[PDB]
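First residue of the sequence shown: 4, per the deposited numbering; consecutive thereafter. Heads up, the beta-carbon is just placed ideally off N, CA and C, and yes, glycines get one too.
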Amino acid sequence: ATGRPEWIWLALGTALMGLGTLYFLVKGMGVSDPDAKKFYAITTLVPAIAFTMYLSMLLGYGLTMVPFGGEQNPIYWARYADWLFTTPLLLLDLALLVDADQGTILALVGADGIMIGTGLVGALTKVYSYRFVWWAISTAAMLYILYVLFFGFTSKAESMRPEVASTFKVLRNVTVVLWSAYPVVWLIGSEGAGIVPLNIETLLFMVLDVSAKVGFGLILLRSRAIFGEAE
Ligand SMILES: CCCCCCCC/C=C/CCCCCCCC(=O)OC[C@H](O)CO
Ligand SMILES: CCCCCCCC/C=C\CCCCCCCC(=O)OC[C@H](O)CO
Ligand SMILES: CCCCCCCC/C=C\CCCCCCCC(=O)OC[C@H](O)CO
Ligand SMILES: CCCCCCCC/C=C\CCCCCCCC(=O)OC[C@H](O)CO
Ligand SMILES: *C\C=C(C)/C=C/C=C(C)/C=C/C1=C(C)CCCC1(C)C
């Protein structure tokens with residue numbers, strides 16, 4: 004409904020995830036290389052899931068009211084349903100690019116699950132001061148992920164094919180900068196201190212989400228690093 008001022012950004016987000024899904028879908032037709040097919044499958048699913056959850060927030064299904072600080076506070080819980088399934092897939096794109104081992108993949112996906120899950124608990128907590136305890140644990144799990152992407156993945160990438168290493172380093176830098184903004188927006192927005200209003204908070208997440216999913220995919224899927232070395 005248009006009674007919520009943030010609706011314009013939810014509608015724009017819905018449209019851009021939908022167009023991004025359609026573009027990757029058609030671009031992925033004809034790809035027969037089995038390696039490339041993995042990356043197209045992982046990367047096309049990411050905006051498709053986000054499309055459905057931006058639509059649920061636009062129509063009002065993905066919104067709940069949570070009492071804290073005396074007031075009833077609108078909390079879009081569908082963001083966490085979105086991020087639970089899309090953030091592991093983005094990490095898989097990076098780990099498959101560098102041929103990460105299985106133990107490291109499991110550690111990354113597990114820390115990511117702890118990240119989003121404790122962020123969800125913090126979003127729905129009724130005692131104000133406890134919301135920030137959960138924010139801190141979630142941020143600690145994120146810092147572990149960022150550490151592994153630098154001091155574990157970067158070291159191996161330098162020992163692989165040059166195009167793999169070069170594409171990895173670009174996507175790593177994009178991920179580190181964009182993921183690090185998310186905890187800041189939560190802390191000063193309606194889920195945390197309440198300094199920035201919800202309509203502006205929704206704009207900022209919309210720009211971060213499209214850049215981290217559609218922009219990330221455009222860089223990856225235009226690279227030759229996703230094809231096997233063939234003659
Ligand atoms: C790829 C090309 C596209 C480039 C696009 C990049 C733009 C990102 C914008 C961000 C935040 C905008 C923040 C706007 C803040 C307005 C809030 C305000 O000023 O409200 C006044 C208030 O009533 C009294 O303080
Ligand atoms: C206006 C359009 C709105 C947005 C569109 C609606 C999205 C939700 C619907 C469908 C899922 C469609 C398929 C998603 C799975 C794609 C996976 C893929 O492309 O895999 C390629 C691989 O190479 C194969 O082996
Ligand atoms: C490789 C793995 C691929 C993973 C593919 C999975 C994508 C699932 C997508 C979307 C719908 C999300 C639906 C979430 C359901 C929430 C419904 C609910 O619990 O509502 C409670 C209550 O009724 C109201 O507050
Ligand atoms: C690498 C990724 C880093 C992610 C983790 C970085 C955490 C730092 C955040 C916040 C302290 C900001 C102030 C919190 C106190 C809010 C009360 C207040 O002073 O109001 C705000 C003021 O108006 C305007 O700064
Ligand atoms: C879909 C796009 C991406 C990059 C999503 C990123 C989400 C996070 C980095 C979440 C961060 C949080 C932390 C670490 C602190 C509490 C709140 C969050 C769950 C938003």
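Three-state secondary structure assigned by DSSP to residue i
i: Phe154; result: coil
i: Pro200; result: coil
i: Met163; result: coil
i: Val69; result: strand
i: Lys129; result: coil
i: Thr178; result: helix
i: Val213; result: helix
i: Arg134; result: helix
i: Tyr147; result: helix
i: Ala184; result: helix
i: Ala139; result: helix
i: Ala4; result: coil
i: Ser169; result: helix
Whole-angstrom C-beta distance between residue j and residue i, which should lie under 8 Å
i: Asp96; j: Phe42; result: 6 Å
i: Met56; j: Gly63; result: Not quite, the Cβ-Cβ distance comes to about 13 Å (not below 8 Å), so this is no contact.
i: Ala98; j: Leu111; result: 7 Å
i: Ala233; j: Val167; result: Rounded, the Cβ-Cβ distance is 14 Å, inconsistent with contact.
i: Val179; j: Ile222; result: Actually they are not in contact, since the Cβ atoms of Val179 and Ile222 sit about 14 Å apart, beyond 8 Å.
i: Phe156; j: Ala103; result: 6 Å
i: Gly220; j: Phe27; result: 6 Å
Segment limits, alpha helix (DSSP H) that includes residue i
i: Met56; result: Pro37 to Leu61
i: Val29; result: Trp10 to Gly31
i: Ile117; result: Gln105 to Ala126
i: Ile222; result: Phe219 to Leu224
i: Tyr83; result: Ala81 to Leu100
Beta-carbon proximity list for residue i, same chain, < 7 Å, skipping 5 on both sides
i: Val124; result: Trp137
i: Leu207; result: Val188
i: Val34; result: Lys40 and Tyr43
Chain-order list of residues whose beta-carbon lies under 6 Å from that of residue i (same chain, five-residue window excluded)
i: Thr205; result: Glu9 and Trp12
i: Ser141; result: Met118, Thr121 and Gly122
i: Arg175; result: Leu152
i: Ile52; result: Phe88 and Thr89
i: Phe71; result: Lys129 and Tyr131
i: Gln75; result: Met68
i: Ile45; result: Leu92, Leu95 and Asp96
i: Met145; result: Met118
i: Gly16; result: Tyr57 and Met209
Run of the beta strand (DSSP E) containing residue i, from where it starts to where it stops
i: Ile229; result: Taken as a continuous stretch (DSSP letters only), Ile229 belongs to no beta strand (DSSP E), as it is neither H nor E.
i: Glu234; result: Segment: none, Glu234 is in no beta strand (DSSP E) and carries neither H nor E.
i: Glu74; result: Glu74 to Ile78
Beta-carbon contacts of residue i that lie in its chain and below 8 Å, excluding the five residues immediately before and after
i: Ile78; result: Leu66, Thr67, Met68, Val69, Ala126, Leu127, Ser193 and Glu194
i: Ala4; result: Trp10 and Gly63
i: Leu211; result: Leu181, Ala184, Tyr185 and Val188
i: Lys159; result: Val101, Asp102 and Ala103
(request) For ligand 1, enumerate in chain order all residues having a CB closer than 7 Å to any of its heavy atoms. (result) For ligand 1, the selected residues are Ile203, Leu206, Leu207 and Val210.
(message) Which residues neighbour ligand 4 when neighbourhood means a C-beta less than 5 Å away from any of its non-hydrogen atoms? List them by chain order.
(response) Any residue whose Cβ sits closer than 5 Å to a heavy atom of ligand 4 makes the list: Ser183, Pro186 and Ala196.
(request) Check each residue's C-beta against every heavy atom of ligand 3 and list, in chain order, those closer than 7 Å. (result) Residues flagged by the Cβ proximity filter: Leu48, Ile52, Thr55, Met56, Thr67, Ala84, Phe88 and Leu92.
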